[PDB]
Amino acid sequence: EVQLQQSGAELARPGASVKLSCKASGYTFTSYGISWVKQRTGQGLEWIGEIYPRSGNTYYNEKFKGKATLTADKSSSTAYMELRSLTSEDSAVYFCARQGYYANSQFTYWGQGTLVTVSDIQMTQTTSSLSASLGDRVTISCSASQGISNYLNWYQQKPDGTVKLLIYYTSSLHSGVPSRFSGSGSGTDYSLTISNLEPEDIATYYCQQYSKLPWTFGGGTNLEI
Amino acid sequence: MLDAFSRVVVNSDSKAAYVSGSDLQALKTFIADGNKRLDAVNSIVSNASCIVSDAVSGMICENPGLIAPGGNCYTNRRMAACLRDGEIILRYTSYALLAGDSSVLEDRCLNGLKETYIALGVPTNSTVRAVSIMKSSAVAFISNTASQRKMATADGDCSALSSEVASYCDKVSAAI
Amino acid sequence: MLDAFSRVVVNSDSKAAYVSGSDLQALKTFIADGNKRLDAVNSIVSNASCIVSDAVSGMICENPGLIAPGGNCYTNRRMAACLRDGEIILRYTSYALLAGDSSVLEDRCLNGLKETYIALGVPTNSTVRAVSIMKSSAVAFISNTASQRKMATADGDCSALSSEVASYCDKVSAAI
Amino acid sequence: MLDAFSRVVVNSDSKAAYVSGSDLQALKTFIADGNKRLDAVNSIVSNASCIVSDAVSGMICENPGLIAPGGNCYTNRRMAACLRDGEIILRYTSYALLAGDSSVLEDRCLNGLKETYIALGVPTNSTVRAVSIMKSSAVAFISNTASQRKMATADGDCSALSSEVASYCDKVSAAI
Amino acid sequence: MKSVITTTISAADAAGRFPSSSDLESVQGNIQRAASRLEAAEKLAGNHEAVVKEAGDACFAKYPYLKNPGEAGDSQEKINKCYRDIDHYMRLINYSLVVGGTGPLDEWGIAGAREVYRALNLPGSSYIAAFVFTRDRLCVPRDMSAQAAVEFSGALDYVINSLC
Amino acid sequence: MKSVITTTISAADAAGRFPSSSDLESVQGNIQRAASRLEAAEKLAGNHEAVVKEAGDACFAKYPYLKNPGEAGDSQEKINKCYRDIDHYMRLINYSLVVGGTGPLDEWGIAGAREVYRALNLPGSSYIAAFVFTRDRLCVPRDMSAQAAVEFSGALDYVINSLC
Amino acid sequence: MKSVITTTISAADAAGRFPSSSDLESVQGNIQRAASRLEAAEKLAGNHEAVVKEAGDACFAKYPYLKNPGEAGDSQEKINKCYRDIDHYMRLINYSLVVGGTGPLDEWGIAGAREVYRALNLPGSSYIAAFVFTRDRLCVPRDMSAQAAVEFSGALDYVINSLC
Ligand SMILES: *[C@@H](C)[C@H]1/C(=C/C2=NC(=C\c3[nH]c(C[C@H]4NC(=O)C(C=C)=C4C)c(C)c3CCC(=O)O)/C(CCC(=O)O)=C2C)NC(=O)[C@@H]1C
Ligand SMILES: *[C@@H](C)[C@H]1/C(=C/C2=NC(=C\c3[nH]c(C[C@H]4NC(=O)C(C=C)=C4C)c(C)c3CCC(=O)O)/C(CCC(=O)O)=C2C)NC(=O)[C@@H]1C
Ligand SMILES: *[C@@H](C)[C@H]1/C(=C/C2=NC(=C\c3[nH]c(C[C@H]4NC(=O)C(C=C)=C4C)c(C)c3CCC(=O)O)/C(CCC(=O)O)=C2C)NC(=O)[C@@H]1C
Ligand SMILES: *[C@H](C)[C@H]1/C(=C/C2=NC(=C\c3[nH]c(C[C@H]4NC(=O)C(C=C)=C4C)c(C)c3CCC(=O)O)/C(CCC(=O)O)=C2C)NC(=O)[C@@H]1C
Ligand SMILES: C=CC1=C(C)[C@@H](Cc2[nH]c(/C=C3N=C(/C=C4\NC(=O)[C@H](C)[C@H]4CC)C(C)=C\3CCC(=O)O)c(CCC(=O)O)c2C)NC1=O
Ligand SMILES: C=CC1=C(C)[C@@H](Cc2[nH]c(/C=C3N=C(/C=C4\NC(=O)[C@H](C)[C@H]4CC)C(C)=C\3CCC(=O)O)c(CCC(=O)O)c2C)NC1=O
Ligand SMILES: C=CC1=C(C)[C@@H](Cc2[nH]c(/C=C3N=C(/C=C4\NC(=O)[C@H](C)[C@H]4CC)C(C)=C\3CCC(=O)O)c(CCC(=O)O)c2C)NC1=O
Ligand SMILES: C=CC1=C(C)[C@@H](Cc2[nH]c(/C=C3N=C(/C=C4\NC(=O)[C@H](C)[C@H]4CC)C(C)=C\3CCC(=O)O)c(CCC(=O)O)c2C)NC1=O
Ligand SMILES: C=CC1=C(C)[C@@H](Cc2[nH]c(/C=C3N=C(/C=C4\NC(=O)[C@H](C)[C@H]4CC)C(C)=C\3CCC(=O)O)c(CCC(=O)O)c2C)NC1=O
Ligand SMILES: C=CC1=C(C)[C@@H](Cc2[nH]c(/C=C3N=C(/C=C4\NC(=O)[C@H](C)[C@H]4CC)C(C)=C\3CCC(=O)O)c(CCC(=O)O)c2C)NC1=O
Ligand SMILES: CCC1=C(C)[C@@H](CC2=N/C(=C\c3[nH]c(C[C@@H]4NC(=O)C(C)=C4CC)c(C)c3CCC(=O)O)C(CCC(=O)O)=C2C)NC1=O
Ligand SMILES: CCC1=C(C)[C@@H](CC2=N/C(=C\c3[nH]c(C[C@@H]4NC(=O)C(C)=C4CC)c(C)c3CCC(=O)O)C(CCC(=O)O)=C2C)NC1=O
Ligand SMILES: CCC1=C(C)[C@@H](CC2=N/C(=C\c3[nH]c(C[C@@H]4NC(=O)C(C)=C4CC)c(C)c3CCC(=O)O)C(CCC(=O)O)=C2C)NC1=O
């Protein structure tokens, strides 16, 4: 299957440069893009940028322009993020995720996450922490600053740190997601519903709009039992 | 027909690829040397009659059997056809030089030219000799090294266009 | 072109024979099934658009390399040519079905079709796959077994016309 | 061209009207007399050579100046052209009789016929005399009143078709 | 207009031939199928208001986006023009049934319909929806006889395939 | 081979058209007239020896000058050829009745008959005599039905007019 | 492949003429306008994923009926094919900007698009919506220089008018 193995945690010094790596396997590298997501310590996901190895085209979040440089190697089927002028703000865990092209623009499979030490659509998750019990039907709702067109993805971030795509296009289940998960919403308001909660569902859930660049995540809702 | 830009596009279309930065840079170099290319074409076309006549005359002088009875340049009709063919070949070579691509020359002059010449009895060796004399004269005119005719141009190096002219004439010779 | 009756007379003419009683009876059978034959042709022609489009779409879906760069259905022009060829082949198959003889199909569509497709680079395998999908769809329409559309006819057996349509499409596939 | 049904349709189209019950009934009457119309056309075409030859011969016999020098039927070439376009006029009249409408005759034979005959020097009076003898003979054949040739038909009245033939020939005569 | 009579007379004239047994035979086929096609024409001609209304209603029900601004039928006049177009096509089908051939349709509704509908942003799928609904709505023997239905559905399928 | 079917399909193919309602309708006419023309073909095919013998006898009775030296039929071989030619024409007429059109006649007996008969000094009037005698010899309903007789006489008249 | 160079060389060859002052002058126009059109091509080539995604999203937002069963884009694969088609058109526009003429579009996306889209029930209005959105989405000097925008919008208007 799709793995997207990332390089190990790299420690650097302020002002230095770090060349993150993400080796892709299990799929045609040029049929998908490679997105990079920054997650500060105990914070939400943040889209750095995406590169499509087929054309080499790079799309950057304006917050990371020159700060991060995206390159890809089709021969080795790997992608690189180059961070420049490292600071304390760059201390975070950086994920690489397989990015679809046009309507499948979803971070379908993520890397394990590389830890590094030293007009946008605002995606708001009102309840940042939810507590429930086994078998409960919990609802995770988030709102978009402007109207999106059901172009919403939901992501399960385990306490281990691994991120998995749960629901794409606001209602479509991923390959391995059980039917207990469901999504809804048509305009600005979208909800993620988990019916018959199980201990494997203890995770942080992020809604991500892909209506308009830059891709933006919600603040995240931590679900604990 | 294709020009250099359309050639790059056709190559990009084989991979369903947008025209890459390297191909774009090559075409920008083609554009930057566009004035030199126009000067080269002008040098060839402004001397086309002299080039063709000199090439056919040199082919005949080196092969006097061409104008003997049974030779393929014997009568005035055959001589006129030979001069017309030399002019046509030079015209399509100048088309290739202007376009930056051999497609026009190949498809519109070299397609079936060898078989046509075989059917007509046109000697291929003499044809390539005439084409090579045209190549030499046209190359000299590109480089402004013709002894009896100089055309004023800004000083510079047109060896790339000279090599293009030589390569077009070589494609003509290799086709027949 | 020949129809079934003209085919019978051509066979009779090979022996300078008047049309025999057995051949006459076969032609009376053709006439008695004439209404079913007209219904069969009507079934094909009233669904010709979806037959051809579905056959080309199924050929492309089974062979995605056709719509890839370098594939013979890649551009819109090539796709339109492929759909037009499917329509033409179905039109001549319907001509054969109406006539009861494949002479129209052979002479006016299949004569030189293989050589033409070879010269054009049209893949024979994909062409016969599209022709076979058209055969399946047309046979279903003659039998009124098409899943999504039914045409009202008097109940009866049109298996002879289904086999005739299949044999015409098989002649198309074997010709290429 | 238009037939009787298409004529009714064209008349209906002038008012953006569906074909009314009266026009429908007239067309059913056309259909009910279709076998008689086919018999009339068969009578004309089965005697077309005799009709045309007799008409041209009668036109010449009543106007001997036609075969005199300077006459328009003088040479064998002019005689052949006269017989040929007598046959052409009869053929288009039979087309009108089969179609039930004059559109084919007018558009494909009578359009420019008068001006053409004027430019050629073909005498209009003799042309209408030949056309009227064709009218008389064709009418007799429709009614099976030809003295020297009878064709077996079911007994009945074909006066409507006879009047149609006469009206087509009158349109021919009035055109020139 | 294309028809049995016009087709065989055109073939005879192209060859410079008097009408022979084949042409008379084809006209006999005209005579034979005339009953069914004229029954279909009479039924359509006597019921075209309701048929056209139903076809247009089905067209707009299948494609409600046509009512959206900038689309065909975003005004009441344009909706009336849509129903008038379905009326035109139904009348041309009545003409085809009367004629016995597709000639009226070919020359008056189909010949330039592609360019007209492209120029005026009229999706052929809407006309196809109207005609497919008309074809499927017809049932035998309530509306017409089986062969009248065959001719009527043949004309409807002909115009549908002209739009496909 | 000119016939209802071949004429119809050739007209459809010239316009790049699928078979239409008028095409099927012409084939329906083929179906309708097939009974009469196939009855005529069967009667001719089953009686062609006697019919051809009678036609040739009438041809030579009307033109005994053909027996004169230098004329067609001045030898027994040439008279046999005459009767064989009449048999060829009657076989082509049987083919035309089966086909439903003059195609077999046009392509196999008529196309070059003018030049052939001019080259071999074969007066077309002798063939015309044979065919006119055959046409006037037919009796209804003794020999065939009225419409079968119509088809047979139409084929014979077509041959006669081809020779005129 | 229509372009300045190919057009003038074709005109010269049709007249059997060596390149003259007019042809060199037109190629000089190639040289002069190449900066703008190649800037537009570079911007489109480096950003075609986002542009195509936005165009397809606009197409499906303006015509949500395309998602309905039986319509184009009623399956996820068909939606992917729609975005792939917009990719094809944007790549052909990049080719046209590089070439300097509509030749790539004319030969590879336009030549048979009418028949293809009619056969596959692909409304040209959806492609037009994607391209009109792309043309209106472009901002100067944010995405392109003014003249690069002129060339890009000219290619987009050319394909739109090919669909209109
Ligand atoms: C090899 C071919 C020559 C040579 C060529 C050079 N000419 C250079 C510049 C240049 N040439 C032209 C004329 C050209 N462009 C046109 O617009 C047309 C006709 C429509 C023609 C015939 C122009 C306008 C220019 C630019 C400015 C100028 O010098 O007038 C040139 C310099 C490089 C460049 O600008 O491309 C060269 C080297 N000179 C040589 O030494 C050989 C013999
Ligand atoms: C296989 C093709 C079909 C099927 C055909 C049958 N239809 C039968 C009878 C029949 N069909 C027609 C219409 C047909 N003949 C025409 O004249 C024209 C158009 C010009 C067409 C399209 C007619 C007139 C008839 C005769 C009686 C009637 O009106 O229904 C039929 C019965 C045998 C026969 O009479 O030939 C059959 C089996 N039906 C099937 O089961 C499949 C799907
Ligand atoms: C004036 C023209 C004639 C005349 C005509 C009549 N014949 C009648 C019936 C009839 N004729 C035919 C043959 C016709 N229809 C065909 O299918 C073809 C060729 C394809 C031809 C040449 C038929 C089949 C029929 C119907 C049955 C029959 O009688 O054989 C007829 C009666 C009215 C009608 O059925 O339309 C008439 C009066 N008879 C005359 O008295 C003049 C000389
Ligand atoms: C005038 C200021 C604009 C405007 C700007 C915005 N456009 C935004 C980004 C954006 N634009 C395009 C299409 C455009 N960019 C290109 O590279 C090309 C050329 C080939 C075109 C046609 C795209 C695809 C995007 C998305 C991101 C990107 O790849 O650049 C933008 C940012 C937010 C957003 O994406 O919604 C804005 C606000 N604002 C306006 O309303 C006018 C049209
Ligand atoms: C676009 C492609 C194109 C060409 C290149 C020519 C190709 C060509 N050449 C000839 C025809 C000919 N080709 C030549 C020319 C030659 N004989 C010699 O002695 C030389 C070696 C040689 C030229 C260098 C001659 C002399 C004939 C006539 C053949 C003969 O009479 O022997 C003909 C036949 C008609 C004609 O006379 O023009 C053609 C089509 N024409 C074109 O339009
Ligand atoms: C009466 C006989 C008759 C035919 C059957 C065809 C035969 C035919 N095919 C093509 C031309 C062609 N043939 C096809 C069609 C196909 N390519 C595919 O991918 C499929 C496998 C296949 C159809 C099933 C294509 C795409 C071309 C163009 C070749 C190319 O550009 O690669 C051409 C040249 C241009 C044209 O008219 O289309 C002709 C004459 N047309 C006729 O008039
Ligand atoms: C579809 C329409 C159609 C026709 C009806 C004719 C019309 C027609 N007739 C003639 C040609 C002619 N028309 C006639 C015939 C006649 N001479 C007489 O004495 C008579 C009065 C008269 C017929 C009754 C003659 C003899 C000429 C030649 C004129 C001349 O040589 O003086 C010509 C000139 C070329 C040709 O010979 O074909 C044409 C176009 N042909 C057609 O295709
Ligand atoms: C006898 C010939 C004949 C036809 C076959 C039709 C075909 C036809 N339709 C229109 C024109 C039109 N047709 C429609 C109707 C429609 N709007 C919708 O919701 C649908 C997409 C579509 C029907 C399904 C509209 C809206 C116009 C007006 C557009 C315009 O003229 O600018 C026109 C242009 C002339 C005009 O202004 O009316 C024509 C010729 N009309 C005829 O006169
Ligand atoms: C299927 C096609 C077909 C035909 C329709 C005929 C046509 C035909 N007839 C003859 C040839 C002939 N046909 C006849 C017959 C005749 N003599 C008479 O008294 C009359 C004028 C005439 C019949 C009425 C004669 C006598 C010859 C011999 C040639 C000659 O006379 O010089 C020939 C040349 C070969 C031969 O010598 O037999 C042909 C092809 N034959 C065919 O195979
Ligand atoms: C380089 C040339 C080139 C193009 C320019 C496009 C044009 C194009 N599109 C399709 C074919 C298609 N294109 C679409 C896309 C669409 N569905 C929608 O929602 C919209 C209406 C529409 C885009 C707006 C679909 C769905 C099909 C298949 C239609 C079907 O179901 O049969 C085909 C047929 C080949 C195939 O099967 O893919 C072609 C040639 N594709 C190319 O290869
Ligand atoms: C009497 C039969 C006859 C000829 C004609 C020539 C033909 C001839 N001239 C040449 C070569 C040649 N010819 C010309 C053209 C010519 N030279 C000029 O300097 C200018 C301006 C010219 C106007 C006519 C040029 C420009 C060259 C290239 C080098 C040169 O300047 O001489 C070449 C060498 C090409 C090669 O080897 O491939 C030959 C054989 N020789 C002969 O024996
Ligand atoms: C997305 C690419 C794609 C397609 C398009 C189809 C193409 C397709 N449809 C078929 C077969 C087929 N297709 C049709 C036509 C179609 N079916 C109906 O019932 C009616 C009325 C139709 C309207 C569209 C018919 C009538 C048949 C015959 C069997 C049947 O009744 O379905 C067959 C089998 C033929 C064969 O194997 O030779 C194929 C491959 N499949 C694909 O994967
Ligand atoms: C020597 C120059 C010459 C002729 C030739 C005739 C020409 C001729 N025959 C006529 C009339 C005429 N001609 C025929 C044809 C002909 N007659 C038959 O009965 C059959 C079966 C025929 C086979 C040839 C018919 C059928 C008629 C109609 C009346 C009739 O039955 O005789 C008419 C009258 C038409 C009219 O007035 O408009 C004339 C003038 N007369 C001549 O002086």
Side-chain angles (χ1 to χ4, degrees), chain A residues 59 62 119-121 146 211-214, chain B residues 55-56 59-60 63 66 71-75 77-86 88-89 91-92 108-113 116-117 119-131 134 172, chain D residues 32-43 141-145 150-159 161-162, chain E residues 21-28 31, chain F residues 29 32-33 36-37 145-147 150-151 154, chain G residues 13 16 40 43-55 90 93-94 134-140 142-144 148-149 152 156:
Chain A
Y59 307 85
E62 260 275 328
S119 66
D120 300 4
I121 306 170
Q146 47 158 87
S211 162
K212 288 310 216 213
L213 279 172
Chain B
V56 178
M59 178 212 43
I60 278 149
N63 187 11
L66 285 164
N72 209 240
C73 284
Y74 167 48
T75 59
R77 188 196 54 80
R78 285 198 191 86
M79 196 54 210
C82 170
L83 292 158
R84 165 172 78 250
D85 276 23
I88 284 162
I89 286 157
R91 176 163 61 83
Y92 280 106
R108 289 183 184 212
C109 178
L110 298 188
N111 205 40
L113 188 42
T116 292
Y117 276 168
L120 293 162
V122 181
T124 47
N125 40 328
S126 291
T127 320
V128 317
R129 186 42 192 166
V131 165
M134 277 183 294
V172 171
Chain D
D33 299 347
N35 282 315
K36 308 198 310 190
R37 174 171 303 277
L38 296 177
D39 267 319
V41 174
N42 178 54
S43 287
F141 280 117
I142 298 323
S143 295
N144 203 34
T145 39
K150 304 293 208 203
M151 284 168 87
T153 41
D155 225 344
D157 176 42
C158 298
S159 81
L161 304 156
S162 211
Chain E
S21 47
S22 272
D23 320 304
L24 309 187
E25 208 154 305
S26 44
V27 180
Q28 176 65 225
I31 299 164
Chain F
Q32 222 54 60
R33 196 73 176 161
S36 82
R37 57 192 190 65
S145 79
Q147 285 321 304
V150 167
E151 280 289 323
Chain G
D13 183 35
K43 187 62 171 139
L44 179 54
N47 296 89
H48 76 258
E49 289 91 354
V51 168
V52 165
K53 177 180 188 305
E54 285 205 340
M90 290 325 288
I93 282 160
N94 164 269
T134 305
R135 187 196 67 210
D136 300 341
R137 173 66 147 160
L138 183 77
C139 216
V140 189
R142 193 217 173 290
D143 317 290
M144 269 177 207
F152 182 53
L156 276 167

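In each ligand, atom 1 is the first atom listed, and ligand 1 is the first ligand listed. Because only heavy atoms are used, hydrogens play no part in the values below, and waters and symmetry mates are left out as well, while side chains stay in. Below, chain A is the first sequence line, B the second, and so on; all start at residue 1.
Close to ligand 5: B:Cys73, with a non-hydrogen atom less than 4.0 angstrom away. Residue contact annotation: G:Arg135 has no non-hydrogen atom under 4.0 Å from ligand 4. For the pair B:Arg129 and ligand 5, no heavy-atom separation below 4.0 Å is found. Residue contacts with ligand 5 include B:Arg84, since one of its heavy atoms falls under 4.0 Å from the ligand.
Protein heavy atom at the shortest distance from atom 40 (C) of ligand 5 is B:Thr116 CG2, 4.1 Å. Ranking protein heavy atoms by distance to atom 19 (C) of ligand 4, first place goes to G:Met144 CE, 3.6 Å. Nearest protein heavy-atom contact of atom 27 (C) of ligand 5 is B:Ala81 CB, 3.7 Å. The protein heavy-atom contact nearest to atom 21 (C) of ligand 4 is G:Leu138 CD1, 3.7 Å. In this structure, the protein non-hydrogen atom closest to atom 14 (C) of ligand 5 is B:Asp85 OD2, 3.5 Å. Scanning all protein heavy atoms for the shortest distance to atom 18 (C) of ligand 5 gives B:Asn72 OD1, 3.5 Å. Of the protein's non-hydrogen atoms, B:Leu120 CB, 4.1 Å is the one closest to atom 29 (C) of ligand 5. Annotation: atom 42 (C) of ligand 4 to nearest protein heavy atom, G:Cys139 SG, 3.8 Å. From the protein, the heavy atom lying nearest to atom 20 (C) of ligand 4 is G:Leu44 CA, 3.6 Å. Counting only heavy atoms of the protein, atom 23 (C) of ligand 5 lies nearest to B:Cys82 SG, 3.6 Å.
Set against the non-hydrogen atoms of B:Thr127, the atoms of ligand 5 under 4.0 Å away are 21 (C), 24 (C). Distances below 4.0 Å separate heavy atoms of B:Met59 from the following atoms of ligand 5: 21 (C). Residue-ligand proximity, B:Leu113 to ligand 5, at heavy-atom distances under 4.0 Å covers atoms 5 (C), 7 (C). Close contacts between ligand 5 and B:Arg77 involve ligand atoms 31 (O) [criterion: under 4.0 Å to a heavy atom]. The contact set between ligand 5 and B:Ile88, taken as ligand atoms under 4.0 Å from a residue heavy atom, comprises 1 (C), 2 (C), 3 (C), 4 (C), 5 (C), 41 (N), 42 (C), 43 (O). Within the listing of ligand 5, atoms 1 (C) sit less than 4.0 angstrom from a heavy atom of B:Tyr92. Close approach of ligand 5 to B:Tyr117 is summarised as follows: ligand atoms under 4.0 Å from at least one heavy atom of the residue are 5 (C), 9 (N), 13 (N).
Looking at A:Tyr59, its side chain does come within 3.5 Å of a backbone N or O of G:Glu49 through a donor-acceptor pair.
Using a 4.0 Å cut-off between heavy atoms, B:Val122 contacts ligand 5 through its side chain alone, with no backbone atom that close. Neither the backbone nor the side chain of G:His48 has a heavy atom within less than 4.0 Å of ligand 4. The part of G:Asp143 lying near ligand 4 is the side chain, judged by heavy-atom distances below 4.0 Å. When heavy-atom distances to ligand 4 are checked against a 4.0 Å cut-off, G:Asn47 comes that close only through its side chain, counted from C-beta outward.
The CE atom of B:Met59 sits 9.0 Å away from atom CG of B:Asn72, with the distance rounded to the nearest 0.5 Å.
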Could you list each nitrogen or oxygen of ligand 3 that sits under 3.5 Å from a protein nitrogen or oxygen, with the atom names and the distance?
from: ligand 3; atom 1: 7 (N); to: D:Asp39; atom 2: OD2; distance (Å): 2.8
from: ligand 3; atom 1: 11 (N); to: D:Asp39; atom 2: OD2; distance (Å): 2.6
from: ligand 3; atom 1: 15 (N); to: D:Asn35; atom 2: OD1; distance (Å): 2.8
from: ligand 3; atom 1: 17 (O); to: E:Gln28; atom 2: NE2; distance (Å): 2.8
from: ligand 3; atom 1: 17 (O); to: F:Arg33; atom 2: NH1; distance (Å): 3.4
from: ligand 3; atom 1: 30 (O); to: F:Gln147; atom 2: NE2; distance (Å): 2.7
from: ligand 3; atom 1: 39 (N); to: D:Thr153; atom 2: OG1; distance (Å): 3.1
from: ligand 3; atom 1: 39 (N); to: D:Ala154; atom 2: O; distance (Å): 2.6
from: ligand 3; atom 1: 41 (O); to: D:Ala154; atom 2: O; distance (Å): 3.2
from: ligand 3; atom 1: 41 (O); to: D:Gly156; atom 2: N; distance (Å): 3.2
from: ligand 3; atom 1: 41 (O); to: D:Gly156; atom 2: O; distance (Å): 3.0

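Using a 4.5 Å heavy-atom threshold, the side chains of E:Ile31 and D:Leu38 count as touching. At least one side-chain heavy atom of D:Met151 sits less than 4.5 Å from a side-chain heavy atom of D:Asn42. Here the side chains of B:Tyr92 and B:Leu110 are not in contact, with every heavy-atom distance at 4.5 Å or above.
Looking at ligand 5, you'll find an N or O of B:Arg78 within less than 3.5 Å of one of its N or O atoms.
Atom 39 (N) of ligand 4 has its nearest heavy-atom neighbour, among A:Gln146, G:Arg137, A:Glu62, G:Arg142, in G:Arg137.
The protein reaches atom 11 (C) of ligand 5 closely, with a heavy atom under 4.0 angstrom from it.
Between B:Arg91 and G:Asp13 a salt bridge is recorded (basic side-chain N to carboxylate O distance below 4.0 Å).
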